[PDB]
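Working notes for the structure below.
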Amino acid sequence: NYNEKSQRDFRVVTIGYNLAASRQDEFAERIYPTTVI
Amino acid sequence: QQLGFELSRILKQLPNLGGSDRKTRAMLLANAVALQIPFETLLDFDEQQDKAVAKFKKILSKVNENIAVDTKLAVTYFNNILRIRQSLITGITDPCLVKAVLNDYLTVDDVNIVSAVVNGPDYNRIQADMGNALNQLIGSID
Amino acid sequence: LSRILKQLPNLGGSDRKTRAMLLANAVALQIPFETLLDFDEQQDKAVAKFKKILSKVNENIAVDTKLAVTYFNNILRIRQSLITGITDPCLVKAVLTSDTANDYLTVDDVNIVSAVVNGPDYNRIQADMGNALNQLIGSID
Amino acid sequence: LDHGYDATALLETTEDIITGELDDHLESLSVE
Amino acid sequence: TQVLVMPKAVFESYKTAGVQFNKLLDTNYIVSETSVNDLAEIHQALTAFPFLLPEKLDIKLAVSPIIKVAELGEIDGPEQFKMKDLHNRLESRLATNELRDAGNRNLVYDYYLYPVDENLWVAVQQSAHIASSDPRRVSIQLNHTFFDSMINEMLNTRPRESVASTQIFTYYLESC
C-alpha cells in the first residue's frame, strides 16, 4: 500500500433527537390555558 | 404549586409582540432567579456560579414543561446578571443604589451632563481617579 | 488628591455631598466584605477602617464626613441584601438599569432589559416571581 | 360548594366587590 | 495565527450565546457582541499571559480590544465618536478592575487552547493557582495540556523540524 489514505476510520458525529416539549404547544396554550387538576 | 407552573403562569402575563417574545421572556427569568438565589458564604465566585447555574437550568427544565423558553439564551442572560450581582457585592456599588435605597436628590446624570458639555471627565472617571488616588492610603493602613 | 477633586464640576450646594459619595465608594471598593462572616464583625471592621481613613480629609477640599459615613454604611447594607438575594422591584430595577449593569451587558442585552424593566406591569410581575421563587427555590435539587 | 347551592348565596356581594377593588388597588401601590 | 486570551467567563459566554468566534479579531464585531467589562478583562488577561509565542513561526499575541478601540476613535469615519465614547468607558472600567484585583498578585493561570480557523488561537484563562516561589516553573508545569495543544495544532501547518526549535516545544519537554 503505497498510499494509505483513511477509508473507514471516519469521525462519527451523533445528531441529537430528544426534546422536552411543553405540554400542549404555545398556540394551544394561549387558546386553551392549562389548569392543573 | 410546582415552581415550573407558577413561573409559567406569571410569564404568560407579559405583553406579546412577535418572535421577540423569547428574548424578553428569557430575560425576565434570568433577572428574577439570578438576583433571588442566595449565595452560600463558604463558596468563592467560581463555585457559586456553577451551583447557581445548575439550579437555574433545573428551573428552566420545569418551566419548559409549561411555557417555551430558549434554554441557551436564558442561561446567557442568567450568567450576565449573576456576574453583575457578584461584582456589586465585591467591587463598587453604584450611587444610584445608595440613592434608591436611602435627602438624596441631585443625581449622577446631573454631573455627567456638565462634564459632557465641557468635554471633561465624567463621574465614573473621577470615581476611578478617587480610588487610584486613594490606593496608597488604604494599602498603607489597616 | 486635590488635583482630581478639582475635576468634579461645582453643582449648587452639593459639592460636599457628591465627594462624600465618591469617597465612600473609593474605600468600599478596596475593603471587601468576607462572605464568611455575618453583618456585625466584618461590618464593624469595614466601618472602623473607613472612619480611620476619614482622619485624612484635611488633605481634601469638600468632604462631608458625617454624610460620607452614612453613604459607606448604606453600601455595606446594600451588599448584604445582594448576598442574601433581592426581589423588591424597586431595588431590582435599580440594579438592572445601572452604570455597572451597562458594562456587563451588551448593547442588545441592555435593549432587552430596558424592554422588560420599563414595562407598564413590570413591578407587579417581578414581585409575583419574587414570591414564586422565594417560596420554592429550595424545592430545586 | 364553597358557601352553598342556594343561588342567592352564590351571587357575589356588591359591597365586597367594592372593598376588593380597593384592596387590590392598595396592594398594587404597596408593590409599586 | 494570533492568540486571543480571554477569561473562562468570557469564553463560556461566547459559546453559550453563540457568538461567531471567527470575527473576534474584527473590532467592529467583537464590540457589538462583547460587553465593556468583557473587553477590559480580555485586555487584562492578555497582559497576564506569561508565555512568549513562537514569533519565528508567525504566531503573534492578539492586540487587546482596548487598543483597537482607541485607534479607531482617532480615525475619521461615521462611528469615530461612538468608538471614542466606548474607549472612555473601557478605561474607567479597566481602572475599576485593576483597583479591585490588584490583590491577586502572586498566582498563575491554567490555559486551554480552542483553535478557531488558522488566524485565531483562542486561549481560555481558567482557574488560578497560587505561585510565589519560582512561579515561572510552576506555570510551566501547570500548563502541560496547554503546551501540547499548541504543538498539536501548529504541526498541522508548520514543519515539524521548525516547531521542535520553539520555546513552546521546549516548555512541553520541561513539563514532561
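Each chain in the C-alpha cells gets a letter, A, B and so on, in the order shown; residues start at 1 in every chain, and ligands are counted from 1 in the order they appear.
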Which residues of chain B sit at most 9 Å from chain E, using only C-alpha atoms? Give each one's shortest atom pair and distance in Å (one decimal place), in chain and ascending residue order, as a tab-separated table.
residue	atom	partner	partner_atom	distance
B:46	CA	E:127	CA	8.5
B:72	CA	E:16	CA	6.0
B:73	CA	E:17	CA	6.2
B:75	CA	E:16	CA	7.5
B:76	CA	E:17	CA	5.6
B:77	CA	E:17	CA	8.7
B:79	CA	E:13	CA	7.9
B:80	CA	E:13	CA	8.3
B:90	CA	E:100	CA	8.3
B:91	CA	E:100	CA	6.4
B:92	CA	E:96	CA	8.0
B:124	CA	E:92	CA	6.3
B:125	CA	E:92	CA	5.4
B:126	CA	E:92	CA	8.8
B:127	CA	E:92	CA	8.4
B:128	CA	E:96	CA	6.0
B:129	CA	E:95	CA	8.5
B:131	CA	E:99	CA	7.2
B:132	CA	E:99	CA	6.9
B:135	CA	E:99	CA	7.5
Selected residues written out, N, CA, C and O atoms, as an mmCIF file, in the first residue's frame:
data_model
loop_
_atom_site.group_PDB
_atom_site.id
_atom_site.type_symbol
_atom_site.label_atom_id
_atom_site.label_comp_id
_atom_site.auth_asym_id
_atom_site.auth_seq_id
_atom_site.Cartn_x
_atom_site.Cartn_y
_atom_site.Cartn_z
ATOM 1 N N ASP B 46 -16.386 31.246 41.633
ATOM 2 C CA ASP B 46 -16.320 30.165 40.662
ATOM 3 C C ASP B 46 -17.300 29.067 41.039
ATOM 4 O O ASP B 46 -18.093 28.625 40.214
ATOM 5 N N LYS B 72 -30.571 28.046 26.010
ATOM 6 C CA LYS B 72 -29.235 28.619 25.864
ATOM 7 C C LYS B 72 -29.246 30.136 26.028
ATOM 8 O O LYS B 72 -28.305 30.708 26.590
ATOM 9 N N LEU B 73 -30.293 30.801 25.545
ATOM 10 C CA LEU B 73 -30.379 32.252 25.694
ATOM 11 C C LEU B 73 -30.626 32.640 27.148
ATOM 12 O O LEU B 73 -30.020 33.590 27.659
ATOM 13 N N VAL B 75 -29.753 31.034 29.826
ATOM 14 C CA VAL B 75 -28.512 30.866 30.576
ATOM 15 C C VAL B 75 -27.546 32.008 30.276
ATOM 16 O O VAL B 75 -26.876 32.519 31.179
ATOM 17 N N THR B 76 -27.456 32.422 29.010
ATOM 18 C CA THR B 76 -26.628 33.579 28.677
ATOM 19 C C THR B 76 -27.002 34.785 29.530
ATOM 20 O O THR B 76 -26.134 35.436 30.126
ATOM 21 N N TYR B 77 -28.300 35.099 29.595
ATOM 22 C CA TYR B 77 -28.747 36.220 30.419
ATOM 23 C C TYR B 77 -28.471 35.959 31.896
ATOM 24 O O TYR B 77 -28.035 36.863 32.625
ATOM 25 N N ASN B 79 -26.112 34.192 33.416
ATOM 26 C CA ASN B 79 -24.716 34.383 33.788
ATOM 27 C C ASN B 79 -24.346 35.858 33.808
ATOM 28 O O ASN B 79 -23.604 36.307 34.687
ATOM 29 N N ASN B 80 -24.862 36.632 32.852
ATOM 30 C CA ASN B 80 -24.555 38.061 32.832
ATOM 31 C C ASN B 80 -25.126 38.772 34.053
ATOM 32 O O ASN B 80 -24.440 39.579 34.689
ATOM 33 N N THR B 90 -18.748 42.337 45.545
ATOM 34 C CA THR B 90 -17.292 42.516 45.624
ATOM 35 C C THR B 90 -16.799 43.430 44.517
ATOM 36 O O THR B 90 -16.529 42.990 43.397
ATOM 37 N N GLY B 91 -16.689 44.718 44.821
ATOM 38 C CA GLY B 91 -16.445 45.698 43.787
ATOM 39 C C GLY B 91 -17.079 47.010 44.190
ATOM 40 O O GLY B 91 -17.165 47.310 45.384
ATOM 41 N N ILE B 92 -17.546 47.783 43.217
ATOM 42 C CA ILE B 92 -18.079 49.107 43.516
ATOM 43 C C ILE B 92 -19.599 49.069 43.448
ATOM 44 O O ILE B 92 -20.190 48.433 42.564
ATOM 45 N N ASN B 124 -17.701 58.540 36.422
ATOM 46 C CA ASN B 124 -17.009 57.265 36.536
ATOM 47 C C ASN B 124 -15.499 57.433 36.435
ATOM 48 O O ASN B 124 -14.746 56.735 37.121
ATOM 49 N N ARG B 125 -15.031 58.345 35.574
ATOM 50 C CA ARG B 125 -13.594 58.611 35.502
ATOM 51 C C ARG B 125 -13.085 59.265 36.784
ATOM 52 O O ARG B 125 -11.992 58.939 37.267
ATOM 53 N N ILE B 126 -13.862 60.188 37.345
ATOM 54 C CA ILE B 126 -13.498 60.795 38.620
ATOM 55 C C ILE B 126 -13.483 59.741 39.718
ATOM 56 O O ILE B 126 -12.590 59.720 40.575
ATOM 57 N N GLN B 127 -14.477 58.848 39.712
ATOM 58 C CA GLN B 127 -14.502 57.765 40.686
ATOM 59 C C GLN B 127 -13.259 56.889 40.569
ATOM 60 O O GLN B 127 -12.674 56.492 41.583
ATOM 61 N N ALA B 128 -12.834 56.588 39.341
ATOM 62 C CA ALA B 128 -11.606 55.822 39.140
ATOM 63 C C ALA B 128 -10.386 56.583 39.647
ATOM 64 O O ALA B 128 -9.450 55.983 40.191
ATOM 65 N N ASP B 129 -10.367 57.906 39.464
ATOM 66 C CA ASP B 129 -9.248 58.694 39.973
ATOM 67 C C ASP B 129 -9.245 58.724 41.502
ATOM 68 O O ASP B 129 -8.181 58.671 42.137
ATOM 69 N N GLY B 131 -10.315 56.370 43.743
ATOM 70 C CA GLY B 131 -9.749 55.144 44.273
ATOM 71 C C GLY B 131 -8.264 55.039 44.004
ATOM 72 O O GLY B 131 -7.493 54.666 44.886
ATOM 73 N N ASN B 132 -7.854 55.373 42.785
ATOM 74 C CA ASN B 132 -6.439 55.329 42.446
ATOM 75 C C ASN B 132 -5.669 56.281 43.337
ATOM 76 O O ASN B 132 -4.632 55.920 43.894
ATOM 77 N N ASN B 135 -5.311 54.622 46.597
ATOM 78 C CA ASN B 135 -4.825 53.256 46.675
ATOM 79 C C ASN B 135 -3.735 53.201 47.718
ATOM 80 O O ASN B 135 -3.703 52.290 48.538
#
Closest pair table for chain C residues within 8 Å of chain E, only C-alpha atoms, as a tab-separated table:
residue	atom	partner	partner_atom	distance
C:29	CA	E:100	CA	6.5
C:30	CA	E:100	CA	6.0
C:102	CA	E:36	CA	7.9
C:103	CA	E:36	CA	4.8
C:104	CA	E:35	CA	5.2
C:105	CA	E:35	CA	5.3
C:106	CA	E:35	CA	4.6
C:107	CA	E:32	CA	7.0
Check your understanding: chain A residues within 10 Å of chain B, counting only C-alpha atoms: which ones, as a VMD selection string?
Key -> chain A and resid 20 to 26 29 to 30 33 to 36
With N, CA, C and O atoms kept, could you save the residues just selected as a CSV table (one decimal), in the first residue's frame?
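Writing done, so here's part-v2.csv:
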chain,number,residue,atom,x,y,z
A,20,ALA,N,-37.8,18.1,25.1
A,20,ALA,CA,-38.7,18.2,26.3
A,20,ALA,C,-39.8,19.2,25.9
A,20,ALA,O,-39.7,20.4,26.4
A,21,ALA,N,-40.8,18.8,25.2
A,21,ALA,CA,-41.8,19.7,24.7
A,21,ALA,C,-42.7,20.1,25.9
A,21,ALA,O,-42.8,19.4,26.9
A,22,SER,N,-43.3,21.3,25.8
A,22,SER,CA,-44.0,21.9,26.9
A,22,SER,C,-45.5,21.6,26.8
A,22,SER,O,-46.3,22.4,26.2
A,23,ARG,N,-46.0,20.5,27.3
A,23,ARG,CA,-47.4,20.0,27.3
A,23,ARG,C,-47.9,20.4,25.9
A,23,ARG,O,-47.3,20.1,24.9
A,24,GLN,N,-49.1,21.1,25.8
A,24,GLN,CA,-49.6,21.5,24.5
A,24,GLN,C,-48.9,22.7,24.1
A,24,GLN,O,-48.4,23.6,24.9
A,25,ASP,N,-48.7,22.9,22.8
A,25,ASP,CA,-47.9,24.0,22.2
A,25,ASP,C,-48.4,25.3,22.7
A,25,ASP,O,-49.6,25.5,23.1
A,26,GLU,N,-47.6,26.3,22.6
A,26,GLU,CA,-48.0,27.7,23.0
A,26,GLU,C,-49.2,28.2,22.2
A,26,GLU,O,-50.0,28.9,22.8
A,29,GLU,N,-51.9,26.6,24.0
A,29,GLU,CA,-51.9,27.1,25.4
A,29,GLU,C,-52.6,28.4,25.5
A,29,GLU,O,-53.3,28.7,26.4
A,30,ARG,N,-52.3,29.3,24.5
A,30,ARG,CA,-52.9,30.6,24.5
A,30,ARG,C,-54.4,30.5,24.3
A,30,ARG,O,-55.2,31.3,24.8
A,33,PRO,N,-55.9,27.7,28.0
A,33,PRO,CA,-54.9,27.8,29.1
A,33,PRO,C,-55.1,26.5,30.0
A,33,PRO,O,-56.2,26.0,30.2
A,34,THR,N,-53.9,26.0,30.4
A,34,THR,CA,-53.9,24.8,31.2
A,34,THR,C,-54.2,25.1,32.6
A,34,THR,O,-53.7,26.0,33.3
A,35,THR,N,-55.1,24.3,33.2
A,35,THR,CA,-55.4,24.2,34.6
A,35,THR,C,-55.1,22.8,35.1
A,35,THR,O,-55.5,21.8,34.6
A,36,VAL,N,-54.3,22.8,36.2
A,36,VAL,CA,-53.8,21.5,36.8
A,36,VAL,C,-54.9,20.9,37.7
A,36,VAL,O,-55.3,21.6,38.7
Check your understanding: Mind pulling up the distance from atom CA of residue E:175 to atom CA of residue E:144?
Key ->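 Going from atom CA of residue E:144 over to atom CA of residue E:175 covers 6.0 Å.
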Review point. Where in stretch 45-135 of chain E does DSSP assign strand (DSSP E), given as a PyMOL selection string?
Key: chain E and resi 60-61+107-116+120-130
What does the file look like for those residues with N, CA and C atoms, as a JSON list (two decimals), in the first residue's frame?
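Once written, again.json looks like this:
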[["chain", "number", "residue", "atom", "x", "y", "z"],
["E", 60, "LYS", "N", 1.50, 35.26, 16.74],
["E", 60, "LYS", "CA", 1.53, 36.52, 17.47],
["E", 60, "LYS", "C", 0.47, 36.50, 18.56],
["E", 61, "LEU", "N", 0.67, 37.35, 19.56],
["E", 61, "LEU", "CA", -0.34, 37.56, 20.59],
["E", 61, "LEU", "C", -1.25, 38.69, 20.15],
["E", 107, "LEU", "N", 0.04, 34.65, 41.55],
["E", 107, "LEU", "CA", -0.62, 33.44, 41.07],
["E", 107, "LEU", "C", -0.39, 33.28, 39.59],
["E", 108, "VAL", "N", -0.67, 32.09, 39.06],
["E", 108, "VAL", "CA", -0.51, 31.82, 37.63],
["E", 108, "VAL", "C", -1.78, 31.10, 37.15],
["E", 109, "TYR", "N", -2.15, 31.20, 35.87],
["E", 109, "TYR", "CA", -3.39, 30.63, 35.37],
["E", 109, "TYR", "C", -3.12, 29.39, 34.53],
["E", 110, "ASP", "N", -4.10, 28.48, 34.54],
["E", 110, "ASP", "CA", -4.19, 27.41, 33.56],
["E", 110, "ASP", "C", -4.81, 27.97, 32.29],
["E", 111, "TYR", "N", -4.29, 27.56, 31.14],
["E", 111, "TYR", "CA", -4.84, 27.99, 29.86],
["E", 111, "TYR", "C", -5.31, 26.79, 29.06],
["E", 112, "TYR", "N", -6.39, 26.99, 28.31],
["E", 112, "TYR", "CA", -6.96, 25.96, 27.44],
["E", 112, "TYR", "C", -7.03, 26.54, 26.04],
["E", 113, "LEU", "N", -6.54, 25.79, 25.06],
["E", 113, "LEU", "CA", -6.50, 26.27, 23.68],
["E", 113, "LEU", "C", -7.73, 25.80, 22.93],
["E", 114, "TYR", "N", -8.44, 26.75, 22.31],
["E", 114, "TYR", "CA", -9.58, 26.44, 21.45],
["E", 114, "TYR", "C", -9.29, 27.00, 20.06],
["E", 115, "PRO", "N", -8.74, 26.20, 19.14],
["E", 115, "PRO", "CA", -8.38, 26.73, 17.82],
["E", 115, "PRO", "C", -9.60, 27.15, 17.02],
["E", 116, "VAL", "N", -9.51, 28.33, 16.41],
["E", 116, "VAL", "CA", -10.56, 28.86, 15.55],
["E", 116, "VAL", "C", -9.87, 29.33, 14.28],
["E", 120, "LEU", "N", -6.76, 32.54, 14.31],
["E", 120, "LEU", "CA", -7.19, 32.86, 15.66],
["E", 120, "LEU", "C", -6.97, 31.64, 16.55],
["E", 121, "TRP", "N", -6.21, 31.83, 17.62],
["E", 121, "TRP", "CA", -5.98, 30.80, 18.63],
["E", 121, "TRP", "C", -6.51, 31.25, 19.98],
["E", 122, "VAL", "N", -7.81, 31.05, 20.20],
["E", 122, "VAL", "CA", -8.47, 31.36, 21.47],
["E", 122, "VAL", "C", -7.80, 30.62, 22.61],
["E", 123, "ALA", "N", -7.35, 31.36, 23.63],
["E", 123, "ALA", "CA", -6.67, 30.80, 24.79],
["E", 123, "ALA", "C", -7.50, 31.14, 26.02],
["E", 124, "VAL", "N", -8.19, 30.14, 26.57],
["E", 124, "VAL", "CA", -9.10, 30.38, 27.68],
["E", 124, "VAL", "C", -8.32, 30.39, 28.98],
["E", 125, "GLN", "N", -8.47, 31.46, 29.75],
["E", 125, "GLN", "CA", -7.78, 31.62, 31.03],
["E", 125, "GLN", "C", -8.67, 31.04, 32.12],
["E", 126, "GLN", "N", -8.29, 29.88, 32.65],
["E", 126, "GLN", "CA", -9.15, 29.13, 33.56],
["E", 126, "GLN", "C", -8.75, 29.40, 35.01],
["E", 127, "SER", "N", -8.90, 28.38, 35.86],
["E", 127, "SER", "CA", -8.68, 28.55, 37.29],
["E", 127, "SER", "C", -7.28, 29.04, 37.60],
["E", 128, "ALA", "N", -7.18, 29.92, 38.60],
["E", 128, "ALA", "CA", -5.89, 30.41, 39.07],
["E", 128, "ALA", "C", -5.27, 29.43, 40.05],
["E", 129, "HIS", "N", -3.94, 29.45, 40.11],
["E", 129, "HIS", "CA", -3.20, 28.75, 41.15],
["E", 129, "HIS", "C", -2.23, 29.72, 41.82],
["E", 130, "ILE", "N", -2.01, 29.50, 43.11],
["E", 130, "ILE", "CA", -1.13, 30.34, 43.91],
["E", 130, "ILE", "C", 0.31, 29.90, 43.66]]
Can I get the residues of chain C within 8 Å of chain D, each with the closest pair of atoms and their distance in Å to one decimal, using only C-alpha atoms, sorted chain first then ascending number, as CSV?
residue,atom,partner,partner_atom,distance
C:89,CA,D:32,CA,7.5
C:90,CA,D:32,CA,7.2
C:123,CA,D:32,CA,5.9
C:124,CA,D:31,CA,6.5
C:127,CA,D:31,CA,6.9
Practice item. For residue B:107, work out the shell of residues within 12 Å, counting only C-alpha atoms and skipping chain neighbours fewer than 6 positions away, then give it as an NGL selection string. Key: (:B and (94-100 or 113 or 123)) or (:C and (11 or 14 or 17-18 or 21))
Point to revise | Among the residues B:53, B:82, B:74, B:10, the one that comes closest to chain C [using only C-alpha atoms] | key: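 With only C-alpha atoms as the atom set, the closest residue is B:10.
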Check your understanding: So which bits of chain B end up helix (DSSP H, G or I) when you DSSP the backbone, as a ChimeraX atom specification?
Key -> /B:3-11,21-36,45-63,71-89,95-101,108-118,123-140
Prev. selection, C-alpha atoms, output as a short mmCIF file (atom, residue, chain, number, x, y, z; two decimals), in the first residue's frame:
data_model
loop_
_atom_site.label_atom_id
_atom_site.label_comp_id
_atom_site.auth_asym_id
_atom_site.auth_seq_id
_atom_site.Cartn_x
_atom_site.Cartn_y
_atom_site.Cartn_z
CA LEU B 3 -42.33 26.24 40.68
CA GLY B 4 -42.38 25.39 36.96
CA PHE B 5 -46.13 26.01 36.77
CA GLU B 6 -46.20 29.15 38.94
CA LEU B 7 -43.41 30.83 36.98
CA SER B 8 -45.08 29.86 33.71
CA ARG B 9 -48.45 31.20 34.87
CA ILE B 10 -46.82 34.55 35.64
CA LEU B 11 -44.77 34.72 32.43
CA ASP B 21 -41.17 37.41 22.86
CA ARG B 22 -38.46 34.71 23.63
CA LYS B 23 -35.75 37.36 24.32
CA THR B 24 -37.87 39.26 26.86
CA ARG B 25 -39.30 36.05 28.34
CA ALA B 26 -35.83 34.60 28.88
CA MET B 27 -34.50 37.88 30.25
CA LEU B 28 -37.15 38.07 32.99
CA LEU B 29 -36.44 34.54 34.23
CA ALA B 30 -32.73 35.34 34.27
CA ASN B 31 -33.36 38.58 36.18
CA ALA B 32 -35.64 37.09 38.82
CA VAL B 33 -33.63 33.95 39.56
CA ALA B 34 -30.11 35.39 39.26
CA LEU B 35 -30.98 38.03 41.85
CA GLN B 36 -33.18 35.84 44.07
CA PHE B 45 -17.50 33.05 42.82
CA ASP B 46 -16.32 30.16 40.66
CA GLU B 47 -18.16 27.60 42.74
CA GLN B 48 -21.17 29.86 43.40
CA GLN B 49 -21.65 30.27 39.65
CA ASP B 50 -21.56 26.52 38.98
CA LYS B 51 -24.09 25.89 41.76
CA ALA B 52 -26.38 28.78 40.83
CA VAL B 53 -26.41 27.79 37.16
CA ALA B 54 -27.15 24.14 38.00
CA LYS B 55 -30.28 25.26 39.84
CA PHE B 56 -31.17 27.78 37.12
CA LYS B 57 -31.08 25.07 34.44
CA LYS B 58 -33.20 22.79 36.62
CA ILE B 59 -35.73 25.62 36.97
CA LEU B 60 -35.87 26.00 33.18
CA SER B 61 -36.42 22.25 32.83
CA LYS B 62 -39.53 22.64 34.99
CA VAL B 63 -40.66 25.86 33.28
CA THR B 71 -32.56 27.42 27.29
CA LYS B 72 -29.24 28.62 25.86
CA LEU B 73 -30.38 32.25 25.69
CA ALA B 74 -31.80 32.22 29.22
CA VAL B 75 -28.51 30.87 30.58
CA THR B 76 -26.63 33.58 28.68
CA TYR B 77 -28.75 36.22 30.42
CA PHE B 78 -28.52 34.40 33.76
CA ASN B 79 -24.72 34.38 33.79
CA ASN B 80 -24.56 38.06 32.83
CA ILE B 81 -26.99 39.12 35.57
CA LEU B 82 -25.30 36.87 38.14
CA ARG B 83 -21.89 38.37 37.35
CA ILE B 84 -23.34 41.86 37.87
CA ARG B 85 -24.67 40.80 41.27
CA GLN B 86 -21.32 39.25 42.22
CA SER B 87 -19.48 42.38 41.09
CA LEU B 88 -21.66 44.61 43.26
CA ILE B 89 -21.02 42.61 46.44
CA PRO B 95 -24.53 55.53 43.75
CA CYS B 96 -27.98 55.01 42.20
CA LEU B 97 -28.38 52.06 44.57
CA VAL B 98 -27.40 54.08 47.65
CA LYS B 99 -29.78 56.76 46.39
CA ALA B 100 -32.63 54.37 45.61
CA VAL B 101 -32.46 52.58 48.95
CA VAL B 108 -25.22 61.28 38.58
CA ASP B 109 -26.77 62.30 35.28
CA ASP B 110 -26.64 65.83 36.61
CA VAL B 111 -22.84 65.89 36.77
CA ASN B 112 -22.24 63.71 33.70
CA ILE B 113 -24.25 66.25 31.73
CA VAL B 114 -21.94 69.11 32.76
CA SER B 115 -18.81 67.04 32.10
CA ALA B 116 -20.09 66.13 28.63
CA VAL B 117 -20.71 69.79 27.75
CA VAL B 118 -17.22 70.87 28.83
CA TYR B 123 -18.46 60.72 37.23
CA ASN B 124 -17.01 57.26 36.54
CA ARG B 125 -13.59 58.61 35.50
CA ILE B 126 -13.50 60.79 38.62
CA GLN B 127 -14.50 57.77 40.69
CA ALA B 128 -11.61 55.82 39.14
CA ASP B 129 -9.25 58.69 39.97
CA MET B 130 -10.53 58.78 43.55
CA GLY B 131 -9.75 55.14 44.27
CA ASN B 132 -6.44 55.33 42.45
CA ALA B 133 -5.52 58.48 44.33
CA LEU B 134 -6.50 56.55 47.45
CA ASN B 135 -4.83 53.26 46.68
CA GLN B 136 -1.68 54.16 48.56
CA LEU B 137 -3.52 55.25 51.71
CA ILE B 138 -5.69 52.16 52.13
CA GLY B 139 -2.85 49.77 51.32
CA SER B 140 -0.63 51.53 53.86
#
Point to revise | Separation of atom CA of residue B:18 from atom CA of residue C:122, in Å and rounded to one decimal | key: 18.7 Å
